[PDB]
Amino acid sequence: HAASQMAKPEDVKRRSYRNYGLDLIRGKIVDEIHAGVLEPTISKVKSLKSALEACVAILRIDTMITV
Amino acid sequence: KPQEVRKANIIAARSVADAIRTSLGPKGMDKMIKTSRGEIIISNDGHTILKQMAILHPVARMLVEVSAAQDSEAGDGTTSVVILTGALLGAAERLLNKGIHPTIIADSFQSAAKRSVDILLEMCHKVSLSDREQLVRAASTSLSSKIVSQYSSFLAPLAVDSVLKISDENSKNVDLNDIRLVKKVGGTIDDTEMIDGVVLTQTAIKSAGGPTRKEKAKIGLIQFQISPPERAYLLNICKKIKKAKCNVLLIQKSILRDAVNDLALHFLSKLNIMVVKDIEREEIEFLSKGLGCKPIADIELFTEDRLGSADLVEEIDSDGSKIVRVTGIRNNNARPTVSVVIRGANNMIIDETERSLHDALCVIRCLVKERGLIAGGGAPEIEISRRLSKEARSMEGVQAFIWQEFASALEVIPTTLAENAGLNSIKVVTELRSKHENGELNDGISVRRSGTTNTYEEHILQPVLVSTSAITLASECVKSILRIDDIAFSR
């Protein structure tokens, strides 16, 4: 994946170096567009956004009192 | 040993202050409170912290009285009156360790407060009762911490104009209990209905027979539940309400059954009397007050002199809202009742939104109570520290040494604001003082800018009452705690 950002200034690459992913069957790195692994955009957006709210809610709590 | 008594009183109160120290600011840290009723709550609201703290320490229960007094006095920044109290007590510990008798200490704090209020009056940014630019300006900036502050621009004239109508220009007092905010589901955040009179949360008769409105309406309050253990008995009860020609009837919510048996409800319909049910105790105190009427607990004690008068009584049902407004009271003993219906999306949203407007109503009252806007971000606390330090240089005696420690304690507010903002504490207060060496109101701790700038330019100003009462009420607490000589049980 790193090479997708390293060679981007060229706009012409040996490979796009994007849409590569983990093959959970054979244990190799494969292209997900050619392999067929797609995920919703709204899902990854909502996950990452809600993940911040979860982390902030915990990090914000600096005192606990028991009555 | 009274030194042991005072030691315990100071240590205990410091522990309460060290609990709230983290809560000041929009970036404040949250406190978790596990309650004895079995509910664990998490919030940054300061009065919520001390209210649910359930303080058992007799000395620290005075710190709750400080919070409530600050809320009933100004109604904003009640976190800071506890923090200010804590620093004055921590500085008092240093004074006690220096061997200064508490009486000398307390009277010196009294003289510091007298000078401190004057210092705030000097830096006052002048306001005016007609100045709706600054009134709307500051009020909406006090709403800036709320969930949707972009829709609060339209909530601004709701608070500003509604209070300017209820309050005279030359007036020293405004009653926030006479401004009732009522929520209602449906509409948008900028949509609110401000009524110049009492507003009834229920409508006419529930079953068929509801007249829904009255002209030349006389309003009585009969609160007692009417039901059979029957025809003549249940009917004759409401008949007399017709005898004196009372056209609107308010009935308190009963713990037994619904307001009235349908026999006397449909009879009140046959009497052409608009029937209003499920009125709350506090609603009677609100409703019967503005109307100028006296409530009657029972159904037997109906009289004539307690008849009301209402120009407009009609049911306001907007998209299925179902709330009644009554306007044009014209009662010699009444006051300008103001009631607002808060429209919005979700029941939970409008419930909290109403509370966000209660905060704003306190802001405008603070400006009517005492005219002036003061820099936020703890800027007045740095400025006061410099002036009292300058005056302590010419002051002579142990009174000067205590005045100096007062100035050190004034840093707890700008220090707490900087710590909870994540800026180097010494770096910030150093820069605050350097800037106050040149400017006056040009300074303040800015969360957005991560530095020192003019909160006036950042649109962050606070009523001078908030700062004045914060110092004033704090000196009363310092006296109260330092004057505790022994703790005894009574039985």
# chains A, B, ... in the order shown; residues from 1 in each chain; ligands from 1
call {"tool": "residues_around", "arguments": {"residues": "range 17-34 of chain A", "least_positions_apart": "4", "cutoff": "10 Å", "atoms": "only C-alpha atoms", "output": "list in words"}}
result
residues 1, 2, 3, 4, 5, 6, 7, 8, 13 and 38 of chain A
call {"tool": "interface_residues", "arguments": {"of": "chain A", "to": "chain B", "cutoff": "12 Å", "atoms": "only C-alpha atoms", "output": "PyMOL selection string"}}
result
chain A and resi 56-67
call {"tool": "atom_distance", "arguments": {"atom1": "CA of residue 221 in chain B", "atom2": "CA of residue 319 in chain B"}}
result
28.8 Å
call {"tool": "select_by_dssp", "arguments": {"residues": "range 8-65 of chain A", "states": "helix (DSSP H, G or I)", "output": "PyMOL selection string"}}
result
chain A and resi 8-10+32-35+41-59
call {"tool": "write_last_selection", "arguments": {"atoms": "N, CA, C and O atoms", "output": "JSON list (two decimals), in the first residue's frame"}}
result
[["chain", "number", "residue", "atom", "x", "y", "z"],
["A", 8, "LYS", "N", 2.74, 8.07, -6.41],
["A", 8, "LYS", "CA", 1.64, 8.90, -6.90],
["A", 8, "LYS", "C", 2.11, 10.14, -7.64],
["A", 8, "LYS", "O", 1.46, 10.52, -8.63],
["A", 9, "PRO", "N", 3.19, 10.82, -7.24],
["A", 9, "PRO", "CA", 3.57, 12.04, -7.97],
["A", 9, "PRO", "C", 3.77, 11.81, -9.46],
["A", 9, "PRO", "O", 3.69, 12.78, -10.23],
["A", 10, "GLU", "N", 4.01, 10.57, -9.88],
["A", 10, "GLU", "CA", 4.15, 10.27, -11.30],
["A", 10, "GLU", "C", 2.81, 10.21, -12.03],
["A", 10, "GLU", "O", 2.75, 10.54, -13.21],
["A", 32, "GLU", "N", -8.16, -6.59, -4.45],
["A", 32, "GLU", "CA", -9.52, -6.87, -4.00],
["A", 32, "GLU", "C", -10.54, -6.61, -5.10],
["A", 32, "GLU", "O", -11.63, -7.20, -5.10],
["A", 33, "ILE", "N", -10.20, -5.74, -6.06],
["A", 33, "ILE", "CA", -11.08, -5.52, -7.20],
["A", 33, "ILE", "C", -11.09, -6.74, -8.11],
["A", 33, "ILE", "O", -12.15, -7.19, -8.57],
["A", 34, "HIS", "N", -9.91, -7.31, -8.37],
["A", 34, "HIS", "CA", -9.85, -8.55, -9.13],
["A", 34, "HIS", "C", -10.32, -9.74, -8.29],
["A", 34, "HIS", "O", -10.85, -10.71, -8.83],
["A", 35, "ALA", "N", -10.13, -9.67, -6.97],
["A", 35, "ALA", "CA", -10.57, -10.75, -6.09],
["A", 35, "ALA", "C", -12.06, -10.67, -5.77],
["A", 35, "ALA", "O", -12.70, -11.71, -5.62],
["A", 41, "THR", "N", -19.14, 2.16, 1.61],
["A", 41, "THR", "CA", -18.51, 3.41, 2.01],
["A", 41, "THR", "C", -19.14, 3.96, 3.28],
["A", 41, "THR", "O", -18.43, 4.37, 4.21],
["A", 42, "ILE", "N", -20.48, 3.99, 3.34],
["A", 42, "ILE", "CA", -21.16, 4.49, 4.53],
["A", 42, "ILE", "C", -20.79, 3.68, 5.77],
["A", 42, "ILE", "O", -20.81, 4.21, 6.88],
["A", 43, "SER", "N", -20.43, 2.41, 5.59],
["A", 43, "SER", "CA", -20.11, 1.57, 6.73],
["A", 43, "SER", "C", -18.76, 1.95, 7.34],
["A", 43, "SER", "O", -18.65, 2.15, 8.55],
["A", 44, "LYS", "N", -17.72, 2.05, 6.51],
["A", 44, "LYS", "CA", -16.40, 2.41, 7.01],
["A", 44, "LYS", "C", -16.37, 3.84, 7.53],
["A", 44, "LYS", "O", -15.63, 4.16, 8.47],
["A", 45, "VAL", "N", -17.17, 4.72, 6.93],
["A", 45, "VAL", "CA", -17.28, 6.10, 7.42],
["A", 45, "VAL", "C", -17.95, 6.13, 8.79],
["A", 45, "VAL", "O", -17.46, 6.76, 9.73],
["A", 46, "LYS", "N", -19.08, 5.43, 8.92],
["A", 46, "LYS", "CA", -19.79, 5.43, 10.20],
["A", 46, "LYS", "C", -18.99, 4.71, 11.28],
["A", 46, "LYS", "O", -19.06, 5.11, 12.45],
["A", 47, "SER", "N", -18.24, 3.67, 10.92],
["A", 47, "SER", "CA", -17.42, 2.98, 11.91],
["A", 47, "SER", "C", -16.33, 3.89, 12.45],
["A", 47, "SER", "O", -16.18, 4.04, 13.67],
["A", 48, "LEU", "N", -15.56, 4.52, 11.56],
["A", 48, "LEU", "CA", -14.45, 5.35, 12.00],
["A", 48, "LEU", "C", -14.94, 6.55, 12.80],
["A", 48, "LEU", "O", -14.32, 6.95, 13.79],
["A", 49, "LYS", "N", -16.07, 7.14, 12.39],
["A", 49, "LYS", "CA", -16.61, 8.29, 13.11],
["A", 49, "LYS", "C", -17.11, 7.88, 14.49],
["A", 49, "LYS", "O", -16.84, 8.57, 15.49],
["A", 50, "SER", "N", -17.84, 6.77, 14.58],
["A", 50, "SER", "CA", -18.33, 6.31, 15.88],
["A", 50, "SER", "C", -17.20, 5.82, 16.77],
["A", 50, "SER", "O", -17.30, 5.88, 18.00],
["A", 51, "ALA", "N", -16.11, 5.34, 16.16],
["A", 51, "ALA", "CA", -14.97, 4.89, 16.95],
["A", 51, "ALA", "C", -14.32, 6.04, 17.70],
["A", 51, "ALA", "O", -13.90, 5.89, 18.86],
["A", 52, "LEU", "N", -14.24, 7.22, 17.07],
["A", 52, "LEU", "CA", -13.71, 8.39, 17.77],
["A", 52, "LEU", "C", -14.58, 8.74, 18.97],
["A", 52, "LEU", "O", -14.07, 8.98, 20.07],
["A", 53, "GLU", "N", -15.91, 8.78, 18.78],
["A", 53, "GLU", "CA", -16.80, 9.10, 19.88],
["A", 53, "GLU", "C", -16.64, 8.13, 21.04],
["A", 53, "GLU", "O", -16.71, 8.53, 22.21],
["A", 54, "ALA", "N", -16.42, 6.85, 20.74],
["A", 54, "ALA", "CA", -16.19, 5.88, 21.81],
["A", 54, "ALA", "C", -14.88, 6.16, 22.54],
["A", 54, "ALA", "O", -14.83, 6.13, 23.78],
["A", 55, "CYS", "N", -13.81, 6.45, 21.80],
["A", 55, "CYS", "CA", -12.52, 6.71, 22.42],
["A", 55, "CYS", "C", -12.55, 8.00, 23.24],
["A", 55, "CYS", "O", -12.01, 8.05, 24.35],
["A", 56, "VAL", "N", -13.17, 9.05, 22.70],
["A", 56, "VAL", "CA", -13.23, 10.32, 23.41],
["A", 56, "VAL", "C", -14.03, 10.17, 24.70],
["A", 56, "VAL", "O", -13.62, 10.68, 25.76],
["A", 57, "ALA", "N", -15.16, 9.47, 24.64],
["A", 57, "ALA", "CA", -15.99, 9.29, 25.83],
["A", 57, "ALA", "C", -15.19, 8.66, 26.98],
["A", 57, "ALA", "O", -15.37, 9.04, 28.14],
["A", 58, "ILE", "N", -14.32, 7.71, 26.66],
["A", 58, "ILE", "CA", -13.50, 7.09, 27.70],
["A", 58, "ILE", "C", -12.39, 8.02, 28.16],
["A", 58, "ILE", "O", -12.21, 8.25, 29.36],
["A", 59, "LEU", "N", -11.65, 8.60, 27.21],
["A", 59, "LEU", "CA", -10.52, 9.46, 27.56],
["A", 59, "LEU", "C", -10.98, 10.69, 28.33],
["A", 59, "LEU", "O", -10.23, 11.21, 29.17]]
call {"tool": "residues_around", "arguments": {"residues": "residue 184 in chain B", "least_positions_apart": "6", "cutoff": "12 Å", "atoms": "only C-alpha atoms", "output": "list in words"}}
result
residues 191, 192, 193, 201, 316, 317, 318, 319, 320, 321, 322, 323, 324, 340, 341, 342, 343, 344, 345, 346, 347, 348, 349, 350, 351, 352, 353 and 354 of chain B
call {"tool": "write_last_selection", "arguments": {"atoms": "C-alpha atoms", "output": "JSON list (two decimals), in the first residue's frame"}}
result
[["chain", "number", "residue", "atom", "x", "y", "z"],
["B", 191, "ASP", "CA", -39.20, 27.51, 15.79],
["B", 192, "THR", "CA", -40.47, 28.65, 19.19],
["B", 193, "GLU", "CA", -43.72, 30.31, 20.27],
["B", 201, "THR", "CA", -50.40, 22.12, 29.04],
["B", 316, "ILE", "CA", -53.18, 25.86, 19.90],
["B", 317, "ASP", "CA", -52.91, 22.50, 18.10],
["B", 318, "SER", "CA", -50.14, 22.70, 15.49],
["B", 319, "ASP", "CA", -49.35, 19.42, 13.71],
["B", 320, "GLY", "CA", -50.92, 17.66, 16.68],
["B", 321, "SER", "CA", -49.30, 19.68, 19.47],
["B", 322, "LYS", "CA", -52.39, 20.30, 21.63],
["B", 323, "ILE", "CA", -51.46, 23.08, 24.05],
["B", 324, "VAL", "CA", -53.67, 25.99, 25.15],
["B", 340, "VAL", "CA", -42.57, 29.87, 25.54],
["B", 341, "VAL", "CA", -43.35, 26.66, 23.65],
["B", 342, "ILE", "CA", -40.19, 25.00, 22.31],
["B", 343, "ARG", "CA", -40.67, 23.20, 18.99],
["B", 344, "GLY", "CA", -38.16, 20.65, 17.75],
["B", 345, "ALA", "CA", -37.52, 17.19, 16.40],
["B", 346, "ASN", "CA", -37.17, 14.56, 19.15],
["B", 347, "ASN", "CA", -38.69, 14.61, 22.63],
["B", 348, "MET", "CA", -35.22, 14.07, 24.10],
["B", 349, "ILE", "CA", -33.76, 16.88, 21.99],
["B", 350, "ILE", "CA", -36.40, 19.44, 22.97],
["B", 351, "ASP", "CA", -36.08, 18.48, 26.64],
["B", 352, "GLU", "CA", -32.36, 19.31, 26.72],
["B", 353, "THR", "CA", -32.88, 22.23, 24.34],
["B", 354, "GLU", "CA", -35.29, 23.81, 26.82]]
call {"tool": "decode", "arguments": {"residues": "range 317-328 of chain B", "atoms": "N, CA, C and O atoms", "output": "short mmCIF file (atom, residue, chain, number, x, y, z; two decimals), in the first residue's frame"}}
result
data_model
loop_
_atom_site.label_atom_id
_atom_site.label_comp_id
_atom_site.auth_asym_id
_atom_site.auth_seq_id
_atom_site.Cartn_x
_atom_site.Cartn_y
_atom_site.Cartn_z
N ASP B 317 -53.26 23.85 18.53
CA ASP B 317 -52.91 22.50 18.10
C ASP B 317 -52.24 22.60 16.73
O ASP B 317 -52.93 22.71 15.71
N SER B 318 -50.91 22.56 16.72
CA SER B 318 -50.14 22.70 15.49
C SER B 318 -49.45 21.38 15.19
O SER B 318 -48.57 20.95 15.94
N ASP B 319 -49.85 20.74 14.09
CA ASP B 319 -49.35 19.42 13.71
C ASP B 319 -49.54 18.41 14.84
O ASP B 319 -48.71 17.52 15.06
N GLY B 320 -50.64 18.55 15.57
CA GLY B 320 -50.92 17.66 16.68
C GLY B 320 -50.17 17.99 17.95
O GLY B 320 -49.70 17.08 18.64
N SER B 321 -50.03 19.28 18.27
CA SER B 321 -49.30 19.68 19.47
C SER B 321 -50.20 19.65 20.70
O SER B 321 -49.90 18.98 21.69
N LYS B 322 -51.32 20.38 20.64
CA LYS B 322 -52.39 20.30 21.63
C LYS B 322 -51.95 20.95 22.95
O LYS B 322 -51.76 20.29 23.98
N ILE B 323 -51.79 22.27 22.89
CA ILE B 323 -51.46 23.08 24.05
C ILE B 323 -52.25 24.38 23.96
O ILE B 323 -52.38 24.96 22.88
N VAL B 324 -52.77 24.84 25.10
CA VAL B 324 -53.67 25.99 25.15
C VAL B 324 -52.88 27.21 25.60
O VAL B 324 -52.03 27.12 26.50
N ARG B 325 -53.16 28.36 24.99
CA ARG B 325 -52.59 29.63 25.40
C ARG B 325 -53.70 30.56 25.86
O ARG B 325 -54.78 30.62 25.27
N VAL B 326 -53.42 31.29 26.94
CA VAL B 326 -54.34 32.28 27.49
C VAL B 326 -53.62 33.61 27.62
O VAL B 326 -52.59 33.72 28.29
N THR B 327 -54.17 34.64 26.97
CA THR B 327 -53.52 35.94 26.90
C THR B 327 -54.52 37.01 27.27
O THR B 327 -55.73 36.78 27.31
N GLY B 328 -54.00 38.21 27.56
CA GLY B 328 -54.84 39.32 27.96
C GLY B 328 -55.45 39.16 29.33
O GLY B 328 -56.68 39.18 29.48
#
